[PDB]
Structure formats: structure tokens, C-alpha cells
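Peer 1: Quick one: the structure is below, questions incoming.
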Amino acid sequence: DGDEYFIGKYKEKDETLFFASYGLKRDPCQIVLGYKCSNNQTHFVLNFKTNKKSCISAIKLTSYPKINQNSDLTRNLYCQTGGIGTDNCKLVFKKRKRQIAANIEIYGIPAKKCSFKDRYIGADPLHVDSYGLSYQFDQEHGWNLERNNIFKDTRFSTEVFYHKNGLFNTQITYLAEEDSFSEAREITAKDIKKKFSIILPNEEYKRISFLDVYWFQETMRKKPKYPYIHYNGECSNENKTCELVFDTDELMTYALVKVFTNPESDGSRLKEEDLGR
Amino acid sequence: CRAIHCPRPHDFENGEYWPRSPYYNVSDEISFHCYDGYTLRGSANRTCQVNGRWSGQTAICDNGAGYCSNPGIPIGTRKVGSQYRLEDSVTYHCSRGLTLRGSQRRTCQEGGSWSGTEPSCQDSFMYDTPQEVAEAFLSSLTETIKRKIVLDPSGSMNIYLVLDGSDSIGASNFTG
Ligand SMILES: *[C@@H]1O[C@H](CO)[C@@H](O[C@@H]2O[C@H](CO)[C@@H](O[C@@H]3O[C@H](CO)[C@@H](O)[C@H](O)[C@@H]3O)[C@H](O)[C@H]2NC(C)=O)[C@H](O)[C@H]1NC(C)=O
Ligand SMILES: *[C@@H]1O[C@H](CO)[C@@H](O)[C@H](O)[C@H]1NC(C)=O
């Protein structure tokens with residue numbers, strides 16, 4: 001059977017960039033199609049850089065033989081310089097003592113008119129998020145809980161950072177029963193800087209009550225450095241156009257924001273033990 | 001008692017070495033260099049010292065079109081076999097007056113590595129000095145990280161020491 005690792009999401013109308021099979025004990029590799037690798041006792045890295053005009057969509061790796069360890073609580077595949085949307089990134093994989101083969105495939109789509117909003121937004125945005133796990137609330141306060149069966153990390157107290165299939169997450173605030181879905185906004189790779197911002201409307205019945213961000217990025221080492229996504233000034237009733245400002249320590253390659261709307265929100269909603277320094 | 005002669009190379013495939021002589025004295029040099037479109041791994045300049053062994057590693061010129069890589073010809077031996085795909089075998093043997101030390105047949109395993117050790121046949125008068133013996137024993141017995149021994153959970157080791165007391169030394173009662 002063998003274990004599998006994913007990056008991104010697959011679609012039924014994508015062509016293959018390349019497809020190969022590798023042994024995991026030879027030294028050095030076999031140079032396939034003039035590419036470069038590196039193999040050690042506990043690391044396997046690959047360099048990729050396409051020539052045609054295309055943007056990458058998904059990556060998948062399969063390993064044999066099966067080993068007794070789950071594949072969702074830690075990180076095993078990650079690429080260090082690039083990502084999803086940029087035409088190249090340098091894959092890194094961490095082995096064990098009992099893995100002796102690998103199969104690798106890459107899919108992509110034409111560069112000019114390629115956007116990923118049609119997949120990660122789902123078909124029922126009000127009930128299921130991009131991960132697939134459905135929302136579930138508390139009946140006495142109407143605030144969503146924290147999903148617990150995924151790789152989650154914290155920087156300091158009162159912070160959360162989930163990870164799954166190369167996709168991160170960060171929830172700005174708490175969510176109520178009677179919220180509605182307004183729209184979604186996407187940011188491609190040609191409008192990404194070390195620091196930038198985005199404008200959203202707050203006119204009458206388009207009051208912002210919930211924001212959750214999904215983004216890919218790069219990591220120099222296995223320990224990531226999550227960027228600072230703070231909320232510029234204060235978005236109260238008076239100031240109609242509200243801005244969201246990013247502050248990154250490493251360069252991203254894609255972002256997605258799912259605005260939620262609720263006319264009843266007063267602008268402040270916080271837990272009874274989150275509040276004091 | 002006569003002078004010490006370092007062994008003369010027997011075969012070399014896809015390459016050329018300078019210079020050539022019927023026998024090599026102490027502190028003589030050999031340089032390897034191989035054809036166009038290949039790649040050389042190892043040491044390009046090799047010299048033999050008073051011990052009787054060439055200094056460095058084995059020089060291997062490879063192309064890069066096989067499931068498992070080229071094993072190479074150790075200096076002094078001869079190789080039979082030229083198939084480098086899955087489930088093939090390669091055999092070694094060296095010249096007259098030399099006795100082999102290592103694997104006789106090597107087989108390309110599933111992962112991509114050979115099965116055995118690289119042979120290098122010795123003669124009567126080469127001994128091993130304590131430094132290399134200690135280094136090899138430590139490197140084989142433990143693993144690196146410093147150097148620590150690795151065991152599986154609920155694991156254990158059993159050491160069995162076997163000596164002999166036949167009439168070879170006769171030194172008191174196993175002294176030393
Ligand atoms: C086996 O190879 C892998 C890579 O194929 C090695 O991992 C990489 O090792 C390099 C060299 O130490 C690391 O680069 C170093 O990073 C520091 C961070 O500040 C920087 O100052 C330099 O760029 C320095 O060269 C690299 O981070 C590391 N990891 C990667 C590339 O993901 C691995 O160490 C090798 N195995 C052994 C036993 O050395
Ligand atoms: C809130 O209004 C103030 C008024 O000066 C403005 O400076 C600020 O940018 C506004 N904040 C947002 C998030 O719109």
C-alpha cells in the first residue's frame with residue numbers, strides 16, 4: 001500500500017509537469033532530466049525549476065513499505081524556496097530507517113489565467129471550511145471550539161496556528177450562530193511584498209464580524225516563523241473602509257481571506273479568560 | 001630482507017593513469033584522469049608510503065545510467081561482471097601471491113546498495129597500527145549523532161568473549 005503525503009489540492013483538469021521514481025539508498029542520485037538532488041542519512045532534497053509558462057498546483061509523494069506511524073501530527077514534506085503559484089521550489093523530505101523508495105508527481109496549469117479560488121472555497125461556505133472538517137459550536141455561548149486532531153502550534157499564550165497539507169490557518173476572533181457569508185478575496189504572487197495591506201468595505205449591512213486567513217509560505221528549518229497579521233487601528237462603525245495589514249518575516253506565495261458578515265456585532269467579542277495581559 | 005614494493009594497478013575501465021612502471025618504489029605518485037562525459041569520484045593523486053598501502057580512497061569514474069552505482073575496481077584486483085541493474089552480481093579476484101580480504105560476490109539489492117564489503121587483498125608483511133584499529137572498532141561498534149549506542153525500546157545486548165589457551169604463548173595464566 002504505502003504512505004502518502006500531499007501539498008495542495010488536485011483537480012481533474014491538470015497536466016503533469018513531471019513524474020519520476022527514486023531509490024532512497026543510492027549515492028549519489030541518478031540525474032533525471034538534468035535536475036539536482038542531495039541524499040544523506042536523514043534528508044532527501046530536490047531542486048525543480050520549470051521552463052514553460054505555468055503555475056504549479058499540487059504535489060504528491062508516495063513511500064513504500066508501510067511503517068507504523070501516522071502522517072498528520074508532524075511535518076515531513078516541505079519546500080524551502082518558492083511554493084504554490086511560483087514556478088519553482090526546492091523540496092525537502094525527511095526519511096526513516098525503513099523507507100527505500102519514492103514516487104513523485106507534479107501538476108500545474110497555464111500561467112496567465114490561473115487562480116485557485118474555485119477549489120478552496122468549497123460548495124457550502126457556511127457549513128464547511130477549506131480543510132473539510134465542519135464547524136461545531138457551543139450551545140450555551142454560540143462560539144466555535146478549537147479543532148484538535150491536526151498539527152497545531154502556539155507562539156505565546158492565547159494564540160493558535162494550525163497546519164494541514166501545506167496549508168496554514170489563523171482565526172481572528174470568535175464566530176456566532178447567525179453570521180452570513182458575503183464574499184471571498186484572493187491575492188496572487190505578483191502583488192506580494194515584505195509588507196502590504198488590503199481594503200475591505202464595512203458599509204451598513206456588510207459589517208465585518210469574522211476573518212480567517214489561509215496562506216502558503218516557505219520555511220528555512222522545520223520550525224516556522226509565523227507572520228504578524230494585526231488589525232490596523234480599530235474598525236468601528238465610523239470608519240467605513242477598513243484595512244488589513246500584513247507583516248511577514250518570510251515571503252509568502254498565496255493568500256485567501258473569507259470575510260463573514262453580521263449586522264448585530266458591536267465590534268468587541270472576547271472570552272472571559274483571554275482578556276488580561 | 002629486501003625493499004617494500006607497493007602493488008601495481010591491474011585494470012582500469014574508462015580512464016587513464018600516469019605514469020607506468022613494472023614496480024613502484026616508496027613515495028611514488030600516480031594520477032588518474034578519465035574520459036569525456038563521465039565523472040570522477042575519489043582521489044586524483046595517490047602515493048604509497050612505508051606501510052605498503054596507497055594513501056586515500058579508490059578512484060571511480062561513473063556515467064550515471066544504472067539502478068545501482070558503479071562499484072569500481074580496487075587497486076590490485078580484477079572484476080568480472082558488467083550489468084548494473086536489479087538482481088545482478090559482480091565477482092572479484094586478484095593476482096598471484098596475494099590473499100583476499102572481503103566479499104567474493106556482490107549483489108545489487110532492492111534499495112540500490114550492494115551486499116557485502118569492498119575487497120582489497122593483502123600480503124604477508126602488512127600489519128595494522130593501533131590508531132586505525134581503535135578508530136575502526138569505535139566506528140563499527142557505535143553510531144554518531146557525539147557518539148552514542150542505539151537500542152530499540154526493551155532492547156538488550158549480549159557480549160560473548162572467546163579466548164584460546166593453546167600452546168601459542170604460554171605466558172603465566174592469561175596475563176595481558
Ligand atoms: C545532509 O544534507 C542535508 C541537505 O541536503 C543537510 O541539511 C542542510 O545542511 C546545510 C549545511 O549545514 C544547512 O545549511 C546551513 O544553514 C544555516 C542556517 O543558518 C546557514 O548559516 C547556512 O546556509 C548553512 O549552510 C541546511 O540548513 C540544512 N537543511 C536543509 C538544507 O534543509 C544535512 O545536514 C546533511 N546531513 C549531515 C549529517 O550533515
Ligand atoms: C478607523 O478610523 C480611523 C479614523 O482616523 C482611521 O484612521 C483608521 O484607519 C480606521 N481603521 C480601519 C480599520 O478602517
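As shown in the C-alpha cells, the chain order sets the letters A, B, ...; within each chain, residues go from 1, and ligands are also counted from 1 in the order they appear.
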Find the residues near ligand 2. Use a cut-off of 8 Å, count only C-alpha atoms and all ligand atoms, and write them as a list in words.
Peer 2: residues 231, 232, 233, 234, 235, 236, 238, 239, 240, 241, 242, 243 and 244 of chain A
Peer 1: List as a PyMOL selection string the protein and nucleic acid residues lying within 12 Å of ligand 1, with only C-alpha atoms and all ligand atoms counted.
Peer 2: (chain A and resi 27-29+36-47+76-81+90-95+218-223) or (chain B and resi 144-145)
Peer 1: Find the nearest atom pair between each residue of chain B and chain A for residues within 6 Å, count only C-alpha atoms, give distances in Å to one decimal, sort rows by chain and ascending number, and present the table as a tab-separated table.
Peer 2:
residue	atom	partner	partner_atom	distance
B:64	CA	A:30	CA	6.0
B:111	CA	A:100	CA	5.3
B:112	CA	A:26	CA	5.0
B:113	CA	A:26	CA	5.9
Peer 1: Using DSSP assignments from the backbone, pull out every residue in range 24-140 of chain B that falls under alpha helix (DSSP H) and give it to me as a PyMOL selection string.
Peer 2: chain B and resi 130-140
Peer 1: Identify which of the residues A:260, A:203, A:253, A:149 lies closest to residue 182 in chain A, counting only C-alpha atoms when measuring atom-to-atom distances.
Peer 2: A:260
Peer 1: Write down as a ChimeraX atom specification the residues of range 23-201 of chain A whose backbone DSSP state falls under strand (DSSP E or B).
Peer 2: /A:23,36-39,44-47,54-64,77-79,91-93,101-110,128,134,137,144,151-153,161-164,167-171,180-187,197-201
Peer 1: From the options A:3, A:87, A:159, A:212, which residue's atoms come nearest to residue 107 in chain A, counting only C-alpha atoms?
Peer 2: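 Of all the options, A:87 lies closest to residue 107 in chain A.
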Peer 1: May I ask which of the residues B:74, B:66, B:56, B:170 is the closest one to residue 11 in chain B, counting only C-alpha atoms?
Peer 2: B:74
Peer 1: Using only C-alpha atoms, which residues sit within 10 Å of residue 3 in chain B once same-chain residues fewer than 4 positions away are excluded, as an MDAnalysis selection string?
Peer 2: chainID B and resid 25:26 50
Peer 1: Give me the residues near range 117-133 of chain B as a compact mmCIF listing (two decimals) with C-alpha atoms, in the first residue's frame, where near means some atom within 8 Å (using only C-alpha atoms) and where sequence neighbours in that chain fewer than 5 positions away do not count.
Peer 2:
# COMPACT_ATOMS: atom_id res chain seq x y z
CA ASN B 51 53.20 0.94 5.36
CA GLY B 52 52.57 -0.59 1.93
CA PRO B 74 40.05 -1.76 -6.06
CA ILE B 75 43.73 -1.35 -6.88
CA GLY B 76 45.26 -4.79 -7.40
CA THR B 77 42.11 -6.82 -8.12
CA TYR B 92 36.34 -10.06 -7.73
CA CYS B 94 43.28 -10.59 -7.52
CA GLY B 97 50.91 -14.15 -4.28
CA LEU B 98 48.06 -12.15 -2.75
CA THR B 99 45.29 -13.28 -0.41
CA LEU B 100 41.85 -11.70 -0.49
CA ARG B 101 40.07 -9.99 2.41
CA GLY B 102 36.40 -9.13 1.94
CA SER B 103 33.44 -10.20 -0.19
CA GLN B 104 33.79 -12.55 -3.16
